[PDB]
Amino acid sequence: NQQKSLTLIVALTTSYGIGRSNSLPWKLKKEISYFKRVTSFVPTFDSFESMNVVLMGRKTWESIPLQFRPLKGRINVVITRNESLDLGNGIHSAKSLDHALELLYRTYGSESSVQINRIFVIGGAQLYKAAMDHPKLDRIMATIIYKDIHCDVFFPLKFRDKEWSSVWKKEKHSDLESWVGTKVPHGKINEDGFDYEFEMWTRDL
């Protein structure tokens, strides 16, 4: 069902809040630009065939402006145990995280003109929970928002806290840029009265 590592990408407050009222209680144009660049990036040589995957829960799928669904240049897969007959000219649907992985590994591969590069779990507290339990998840691309904004949905596992400090390690910034390709902003970024920062955390499998 799985060969490649999974990577989770999330934007969260220091209180682990990730959403409110089914939206994102923060408008950060540069933060979204980073999300797009990371989830889309593939090495030059492999730029011909290779392509990244973004897995998301239904509710997170709905949260994306119709203007941006599907995420261009990336294989989208919406996890949902209930079929509501909506595909929309591509969009794969999967019963579960592991079901989605086998669908992809099946759909693509040898007889495939398009190959898979990286797989990103982009969200939903529910899908985040499942991913944190998955034996192939070894990387978290986190954007820390330094402000206790009000949220009603939170990240399931406190990976930045001491209790998890022997498992999850924060990577050097230079290594972040390397894995990500281009140079990324170092230190806190201010935009709309919000100060945030990019961090990459890894786990040994």
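Numbers for residues come from their place in the sequence shown, where the first is 1. Take the two forms, find the largest set of C-alpha atoms that superpose within 1.5 Å, and that set is the rigid core.
Across the superposed structures in 7 other deposited structures of this protein, aligned by the core, the stretch whose Cα atoms lie more distant on average is 84-92, chosen from 130-138 and 84-92.
The segment moving more, judged by mean Cα distance from this form in 7 other deposited structures of this protein after a core overlay, is 43-51 among 43-51 and 141-149. Mean C-alpha B-factor is higher over 184-192 than over the other stretch, the pair under comparison being 10-18 and 184-192. Legend: mean Cα B-factor per stretch from the PDB entry, 151-159 versus 47-55; the higher mean is in 47-55. As recorded in the entry, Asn82 carries the highest CA temperature factor of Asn82, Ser96, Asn117, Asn76. In this structure the maximum Cα B-factor among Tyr34, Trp164, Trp26, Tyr146 is found at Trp26. Sort the modelled residues of the chain by CA B factor and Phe68 lands in the highest third.
Ranked against the other modelled residues of its chain, the C-alpha B-factor of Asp133 as given in the entry falls in the lowest third. Annotation for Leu87: C-alpha temperature factor in the highest third relative to the rest of the modelled chain, per the entry.
For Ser5, the recorded CA temperature factor ranks within the middle third of the chain's modelled residues.
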